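[1] The data below comprise the sequence and an experimental structure of the protein.
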Amino acid sequence: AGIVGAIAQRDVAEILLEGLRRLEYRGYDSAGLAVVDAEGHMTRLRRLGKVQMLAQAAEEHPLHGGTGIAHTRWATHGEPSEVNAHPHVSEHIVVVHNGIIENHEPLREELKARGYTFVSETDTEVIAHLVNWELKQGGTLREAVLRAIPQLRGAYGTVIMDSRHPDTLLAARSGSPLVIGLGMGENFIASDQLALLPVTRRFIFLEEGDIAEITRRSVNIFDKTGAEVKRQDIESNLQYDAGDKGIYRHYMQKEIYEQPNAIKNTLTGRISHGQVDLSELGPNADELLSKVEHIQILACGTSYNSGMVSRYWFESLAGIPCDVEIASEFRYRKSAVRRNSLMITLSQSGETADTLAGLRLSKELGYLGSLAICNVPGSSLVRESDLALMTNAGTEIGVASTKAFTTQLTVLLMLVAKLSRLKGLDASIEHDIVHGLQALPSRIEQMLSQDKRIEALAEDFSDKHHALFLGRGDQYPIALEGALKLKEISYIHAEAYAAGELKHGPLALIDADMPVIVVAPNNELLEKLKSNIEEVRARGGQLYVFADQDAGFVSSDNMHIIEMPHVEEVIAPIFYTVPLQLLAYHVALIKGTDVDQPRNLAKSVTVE
Amino acid sequence: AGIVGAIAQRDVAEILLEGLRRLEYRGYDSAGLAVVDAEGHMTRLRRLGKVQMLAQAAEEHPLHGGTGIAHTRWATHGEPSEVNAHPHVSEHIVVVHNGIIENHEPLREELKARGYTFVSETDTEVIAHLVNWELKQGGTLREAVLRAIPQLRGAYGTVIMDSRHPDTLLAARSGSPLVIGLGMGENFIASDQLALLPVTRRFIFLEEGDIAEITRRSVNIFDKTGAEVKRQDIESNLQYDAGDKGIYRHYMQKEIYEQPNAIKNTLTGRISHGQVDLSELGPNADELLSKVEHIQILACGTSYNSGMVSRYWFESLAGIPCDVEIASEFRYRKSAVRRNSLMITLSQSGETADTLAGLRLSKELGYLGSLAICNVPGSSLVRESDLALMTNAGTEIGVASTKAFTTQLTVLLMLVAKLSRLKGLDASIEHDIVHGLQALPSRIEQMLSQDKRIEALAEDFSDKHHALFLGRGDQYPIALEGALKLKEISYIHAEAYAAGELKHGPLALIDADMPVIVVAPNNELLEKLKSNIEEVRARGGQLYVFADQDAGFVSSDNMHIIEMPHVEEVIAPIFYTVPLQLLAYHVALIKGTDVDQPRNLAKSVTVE
Amino acid sequence: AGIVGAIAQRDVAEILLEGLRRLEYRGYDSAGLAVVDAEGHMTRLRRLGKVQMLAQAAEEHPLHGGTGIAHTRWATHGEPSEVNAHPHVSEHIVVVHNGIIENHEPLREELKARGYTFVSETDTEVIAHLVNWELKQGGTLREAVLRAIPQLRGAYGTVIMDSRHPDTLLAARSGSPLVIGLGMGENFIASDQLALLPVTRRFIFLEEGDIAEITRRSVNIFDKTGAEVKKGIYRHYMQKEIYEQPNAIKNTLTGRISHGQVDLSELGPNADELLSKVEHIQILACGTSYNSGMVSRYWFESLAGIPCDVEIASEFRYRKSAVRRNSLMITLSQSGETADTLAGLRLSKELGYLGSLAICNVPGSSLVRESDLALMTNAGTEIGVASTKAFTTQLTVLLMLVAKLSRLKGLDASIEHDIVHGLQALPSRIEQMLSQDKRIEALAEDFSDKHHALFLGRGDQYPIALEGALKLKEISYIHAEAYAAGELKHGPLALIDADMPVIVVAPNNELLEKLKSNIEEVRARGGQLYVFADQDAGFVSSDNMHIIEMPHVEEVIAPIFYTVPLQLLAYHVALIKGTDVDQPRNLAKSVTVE
Ligand SMILES: O=C[C@H](O)[C@@H](O)[C@H](O)[C@H](O)COP(=O)(O)O
Ligand SMILES: O=C[C@H](O)[C@@H](O)[C@H](O)[C@H](O)COP(=O)(O)O
Ligand SMILES: O=C[C@H](O)[C@@H](O)[C@H](O)[C@H](O)COP(=O)(O)O
Ligand SMILES: O=P(O)(O)OC[C@H]1O[C@H](O)[C@H](O)[C@@H](O)[C@@H]1O
Ligand SMILES: O=P(O)(O)OC[C@H]1O[C@H](O)[C@H](O)[C@@H](O)[C@@H]1O
Ligand SMILES: O=P(O)(O)OC[C@H]1O[C@H](O)[C@H](O)[C@@H](O)[C@@H]1O
Ligand SMILES: N[C@@H](CCC(=O)O)C(=O)O
Ligand SMILES: N[C@@H](CCC(=O)O)C(=O)O
Ligand SMILES: N[C@@H](CCC(=O)O)C(=O)O
């Protein structure tokens, strides 16, 4: 969750702990630090719980040494426990890590067979042994690291030291941020610049794929090929104490980048023993929910979009009938209620007039009861419902919704296990869901790390007046939301459509002034769409494709693949939301439109 | 000239020298430093010359130790020499000093008749020997210094250590500045915060009279008496706000509408008995200013526009020669200084690199002195100028300057009375100026109440990609400002031009896609411009005219009179800025552009 | 309850007793003094009862001496009597103490183990004996004292004296107030400034922890440790003060809105829990301050759902009232010295209120010193005899307090939100309103020749009509009277004609319908109806009904908003007439003497 590292003349323990202190706002369940004196004596401390515990544990120790690293953990692989906390060791190799090594089982078996003992359940540990192994063959720590990085698959921001030679640190970025702090005769590193503020304001941001070798007085960066690459150090002329935007230019930007932590907050207290825990609902909750044979969802705007994603989930993974409807459509028509139907409203604000009216009307129609998914406690929708689940995303200031949407999706995915009807035939469904949920936060961070590419892509839409967003199944509402976002903050006339319907009308519209975007299609779908865009090459039709890099899709001249890292299928819709959010944001930046307060839109529509 | 001090666990000499480098813009003829390891071995090193010489010596014979003081000197007592350079010593007592101990020889003979060998000419050495004396009789550094400080008359600041006890530094601010910089397990101090930036951004500014006992881990502050006062650690300074937007959508909108209030505040304390009262400048002041024969103003952007207005005023109302220049252009050219030239800088932020460079350069060029007109307290332009007039507009958050500009104008109009040349004309002049200033807040309110008209008018510009703004005389720089504003927040290519130069080029451009705006022309000028727009009737040229309702101008089909309320002449340029601000604001609103943060622009351009 | 020390060349008994006389408002059961002359020679006099009785006993055997300490006692640790009253003796070292020595239990019998006969049931005596003990040998008075306050826990203020050496007084501030008075060859030390007034107006307040030594010639304020320690562009102040209202409200708001909520955390960590006990609010004030409270009543009852009464301070102080259960006593006062208001506060102390809150604009004023809690309006000083910014900053504080006394359960949140929204709107709204000043100034011409006016308002605008009428009386000398709008027809309608314009403050459509009808009734006598209304109401003017349109405001801050044109109206009528605006005839900034 959080990384800090120091290489100085002076003792750095207090500096490390203070860094962690400043990273605490990011969800963690444990912390640790390791420092090495000049004689190469390495002292390591790890504790379950808050950074405060770690600091106390440190109170007893003369923690001397000028080199060290430190970490706060958000467990994905192995229960939160002192045993599982970072830094993780392999004798003299010491390692802190953000992210997920997903080829961790292959690597753990291979390293076990080579004579290593895994004392922990983490995925992180294979890094420590691996580097160790790679150093066993010889070379410098840098060379060993270069040999090791390529064997890893997934997300890693990692910092690595050799206690036998404390004058150097190695760091590698791939799917998780790292930034270097330059001092006077000392140097630093962190996953989050806020941690370095107490000791420097001069930073070098590591970019995707970078690998750095840091000493007290040198920084050398380079790519996986050992080829020295250069990055600019820049004074941070930022006012960190100015207001609530923190380091960000826009509320909506901050709310996009805050998504991993908002999600951790949504998850807090709702995973117990590898299972979804919704006990917060009351002792007799399972009592009402067991009776449910049908779900009705009402919402407006982006909330309607999340509902729309959830429909696919409920029906495929929980096998309960689910209906989702624009709230104003529901309030004004005479409907036919399904038997044993649960009424769910989704709303960021809890105050949207159509949605509220929908609920109120439902009061007199024979629903088993109502559940409110909301982001503002004490709002009408929460008060007036039987049950309520808060998204806990923190306040959202941007008029366009971002973290509210993804946290909503998180709650809706947790409902799936607790509302199952496939018998079954289950067990593994809930395990899969919980696994994905556990990975979600760092998966989102993985997406954020692709931002430079999305920024670049934005140039392709900056001057367009139309766009068409395509999706199929659980990705169709993602296209809905991507298209909405582009309408919202860039004022481009972007429209979403079910992928399968492209040829039934919109194909007639396509030309150079109307780019087509597909979100996460499988090979079969892709080939269909590729043929479609062929039909319109002559008018300059461009197909942009957000897809799994594992799929091996290849770009043509009018079909452009924008590869994304692999993810758990069950959370793939939340994952693919991020690049469409980032696209819209970067287009708006280029055009210079009012991102936080788009023309004619309101945060919530509360008057009739 | 410069003082620097560090008390840390790491070696502080490198930090001290770097501090001195960053203090090179002041002083100086010699320099030196003194450090101390844990055993008490004090190493001192001093050179006549540049800091680079001292750093050179320091390099091939390194100073080791975590406690230390350094200094750059501009000699006042004693010829520049290694002998007289700081730090000065009294055995174990070591001292650095800025300013003057006025009663030096009395105390020097007093101590000389006590066994003290004065090896230097400086007034500084007395400080050392006295501290030595007071410590002779028990206690420790603090008590002693607390006794000694009252026995020194003069405006000065000093940092004092005892090498028998390296764990503490003592400081005294008594007429010359000192600020403490808070580190991590280490602490610093200097004569200006510019010196501590490499190492910290947490500052505690000492109040006049304060005495500080500083350790690695602690900082205790007292006053002349020795009664522990507490001081707070600022950093910034430019906080927002929320919230403070009040009834308005945007920071910039709010800042536009608060201009009457901001102007009232700019006037506060500066009007009495129907006259301009700038007594806040100092008892002297009225006498440095009397010697001025020429005004030079330097600024960037909107501040440059305000300077540009003020030239007209100074020359016609006060009869003083006045030149105004883009700061970039001033700093990069060899200029000819006028006899008895006052340097004025205009700056909202006080940090703009070009303008600061201009001021510093002015110091080597033989200007009578400098005045900063600024909106942000304690900023660089203010600290480095001889005189300062704060605009008191409150913090301004929008990237485009609005209230900062009109308050600048207010202060500049105030300077006219206080700098007249040109006496006898004369009281009629200061009279009209004060009458206008008193009318100003209400005139602005009148103008703000035309907003609906301006908002309707903006529909004529919201689809345009070109505009030409015209003005004559004290209104030409208002056209400059109106054009800049339309550039800034609506991204329309608006260009200002002197009204009499239209025929010399731009007239060939005018057509339906390039509306022409004139700012407050009299009847003769308007006849000329109407005739001009008639020349391009066949291309659909339109003239827009913001003019006095009293003037009786009649709209036609290609000329649209946008009548305004009447104003006192002397404030007309300030008055006519408001509509142009509102116009740019409302065009931006329609287009939906980012008003508060326009693309590519910055609040303040501080780096190179 | 109260202290009065003294050292001089003259007999100080009369002094000490007058110093007490003035600290009688503090509530006490016993009293006494101890003086000492040139050679010997101490004399002590203590009585149960009123300080008056004491003085009468003093009359019979006139106490002589240039040094002396005196006390008025509220018994809080040892029965009310003569034996327990101050000063307390110990062979020569005499002591007068305000407060409680909390560790008097383990120190008194700890010191009885040394032959120290405790002759009273007070904690105060463990002060007298301790010091006596540390004067076996140990410098002199100040030296022994700088070794006693360290081991004497609690919130107190003691004044100590020696008898062998009559030239010195010691004084310790470690819980309750002491202020020193200078000093023409003689010095003084009271528990309150008020006690020193008949003799000296020069004061040196002790800070928390200081040990002071006083003689004829010097006043050293040591420490526990502890060594030596020692109109602008405006024609009138009232005009300036009206136009400074936006800045003044900004200052009132500073630090008090945190994370979208009202933050009165300045009241103390406890406070908040103390306010949770309040069940009824009682407000006491005079003049314009009364008008502000009058507005807040509507707010507290409708928005916080808590009961509130508001009363002319003079009325409250002279009647036997029925206190409500769990009642908070709030006073409103610009100056902090209004005698009626102060009297009401002091009376409330003995009537069983949960406690007192002072809303005030002058720091260190009596109302502030004598109240449990305080909220300063921070308006800056107000010079004009007629209050302007003091009024609207008062309204801003009372409004802030609404959310903090909320009793409406799950409604509370939303309401607080509205209040915050409105508070945050307030500065720019007032700025909107001040730009109507040219309109008001023109309007004033209608009133400058009048000798009568009627101000009407309903609900939370009713008190604003009161304030508006008051302003017109104050600085224009026009007989303006306010009436609840619904009462117009019950008498005053008979008065209406051309020479008595009627002013309505911010009516809704329904009320305006009623009043328009009413003024139709008096058309034959030229009844004229002036209406300050929201432009969004779309009211239309006629020959006898003049709509004076204003910008829309947030409902919750409307009374503050509508106050401003009334101020400007009064101001400009006065300007036309050329009356003494900053100093209207027969009126006073503050009415501080009976
Ligand atoms: O084309 C318009 C129809 O008249 C349509 O409006 C519908 O018939 C009514 O709105 C009733 O619908 P509900 O019975 O569902 O309210
Ligand atoms: O066309 C370019 C010129 O070479 C010009 O650059 C000039 O010669 C120098 O810039 C000198 O400038 P100053 O002497 O004014 O500094
Ligand atoms: O007409 C006057 C009455 O005499 C009046 O003074 C009242 O009857 C009591 O004297 C006072 O009332 P309180 O008991 O409240 O003081
Ligand atoms: O989620 P709700 O509070 O019910 O609001 C529904 C929609 O309202 C507005 O249009 C907001 O701009 C949207 O971002 C939001 O999705
Ligand atoms: O006035 P200064 O703080 O010196 O800045 C000069 C200019 O700098 C930037 O460009 C700001 O965007 C401008 O609005 C400002 O006028
Ligand atoms: O508010 P206070 O300081 O308690 O004074 C109450 C009243 O006293 C005097 O009459 C003043 O002229 C008034 O303007 C004030 O309202
Ligand atoms: N997957 C690693 C790292 C988690 C993190 O990024 O905090 C673990 O479970 O320990
Ligand atoms: N007057 C001292 C100090 C000069 C300075 O402030 O630089 C000297 O000449 O040494
Ligand atoms: N507890 C002390 C306090 C003295 C007082 O405050 O009057 C007593 O009862 O005497």
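    Looks like it came in fine. Residues are numbered from 1 along each chain as shown, chains lettered A, B, ... in the order given. Ligands and ions are numbered 1, 2, ... in the order given.

[2] now the residue positioned nearest the centre of chain A: how far from residue C:454?
    The residue lying closest to the centre of chain A (CA atoms, centre = their mean) is residue A:444, at 1.4 Å. Relative to residue C:454, residue A:444 is positioned 67 Å away (CB to CB, to the nearest Å). Backbone N, C-alpha and C define where each C-beta goes, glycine included.

[3] List the residues that contact residue A:465.
    Applying CB atoms under 8 Å, 6 or more residues apart in numbering or on different chains, we find residue A:465 in contact with A:492, A:493, A:513.

[4] change it to 10 Å
    Contacts for residue A:465 (CB atoms under 10 Å, 6 or more residues apart in numbering or on different chains) come out as A:491, A:492, A:493, A:494, A:513, A:514.

[5] of all those, which comes closest to ligand 6?
    Ligand 6 lies nearest to residue A:491 out of these, by CB to the nearest ligand atom, at 55.4 Å.

[6] Residue A:485 is in contact with the closest one, correct?
    No: Residue A:491 lies out of contact with residue A:485 (CB atoms under 10 Å); the separation is 11.5 Å.

[7] what is in contact with the two at once?
    Residues touching both residue A:491 and residue A:485 by CB under 10 Å, 6+ apart: A:587, A:588.

[8] Which one's more surrounded, these two?
    The neighbour comparison of residue A:491 against residue A:485 (other CB atoms under 10 Å in any protein chain shown) goes to residue A:485, with 29 against 19.

[9] Might one say that residue A:146 is in contact with residue A:211?
    Yes: at 6.9 Å, residue A:146 counts as touching residue A:211 under the criterion of CB under 10 Å.

[10] what do those two both touch?
    A:170, A:172, A:222, A:223, A:224, A:225, A:226.

[11] Which residues of the stretch 101-250 of chain A lie near chain C?
    Counting by CB under 10 Å from any CB of the partner chain, the residues of the stretch 101-250 of chain A lying close to chain C are residue A:244.

[12] Next to ligand 7 in this structure, residues from the stretch 101-250 of chain A, please.
    A:122, A:123, A:124 (CB under 6 Å from any ligand atom).

[13] Kindly recompute the last result at 8 Å.
    A:101, A:122, A:123, A:124, A:155, A:176 (CB under 8 Å from any ligand atom).

[14] In JSON lines: the residues you listed, plus secondary structure.
    Formatted as JSON lines, these follow (DSSP: H, G, I helix; E, B strand; the rest coil):
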{"residue": "A:101", "secondary structure": "strand"}
{"residue": "A:122", "secondary structure": "coil"}
{"residue": "A:123", "secondary structure": "coil"}
{"residue": "A:124", "secondary structure": "coil"}
{"residue": "A:155", "secondary structure": "coil"}
{"residue": "A:176", "secondary structure": "coil"}
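
[15] And the furthest pair within the residues you listed?
    The span of these, defined through CB to CB, is set by A:122 and A:176 at 15.4 Å.

[16] re the thing from before, which members of the shared contacts of residue A:146 and residue A:211 are the farthest-apart pair?
    Checking these with CB to CB, the most distant pair is A:170 and A:225, at 15.7 Å.

[17] neighbour count winner among these two?
    Taking neighbours as other CB under 10 Å, residue A:170 and residue A:225 compare with residue A:170 leading, 24 against 10.

[18] and the more buried one, which of the three is it?
    strand.

[19] how many neighbours does whichever residue of the stretch 501-608 of chain A sits closest to ligand 4 have?
    Closest to ligand 4 within the stretch 501-608 of chain A is residue A:604: 4.5 Å, counting by CB to the nearest ligand atom. Residue A:604 has 19 neighbours, counted by other CB under 10 Å.

[20] Just read off the phi/psi values of residue A:530.
    The phi/psi pair for residue A:530 (degrees, to the nearest 10) reads phi -60, psi -50.

[21] Quick one: residues contacting it.
    By CB under 10 Å, 6+ apart, the contact set of residue A:530 is A:518, A:521, A:543, A:545, A:553, A:556, A:558, A:559.

[22] mind checking how far it is from ligand 7?
    According to CB to the nearest ligand atom, to the nearest Å, residue A:530 stands 37 Å off from ligand 7.

[23] In the stretch 51-200 of chain A, which residue sits nearest ligand 8?
    residue A:184 (24.8 Å).

[24] any idea whether that residue is helix, strand or coil?
    Classification of residue A:184 using three-state DSSP returns coil.

[25] Show the residue spans covered by the strands in the stretch 501-608 of chain A.
    For the stretch 501-608 of chain A, applying DSSP state E, counting those that start in this stretch gives strands covering A:516-519, A:543-548, A:559-564.

[26] domains of chain A?
    A:1-240, A:241-439+A:594-608, A:440-593 (curated CATH domains).

[27] Same list, the ones you listed, but as a markdown table with distance to ligand 5 please.
    A markdown table is the format used below for the domains of chain A (distance: least, CB to the nearest ligand atom, whole Å):
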| stretch | distance to ligand 5 |
| --- | --- |
| domain A:1-240 | 13 |
| domain A:241-439+A:594-608 | 15 |
| domain A:440-593 | 14 |
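
[28] pretty sure residue A:328 is touching residue A:361, no?
    No: when contacts are counted by CB under 10 Å, residue A:328 is not listed as touching residue A:361 (11.4 Å).

[29] shared neighbours of the two, which are they?
    In contact with both residue A:328 and residue A:361: residue A:298, using CB under 10 Å, 6+ apart.
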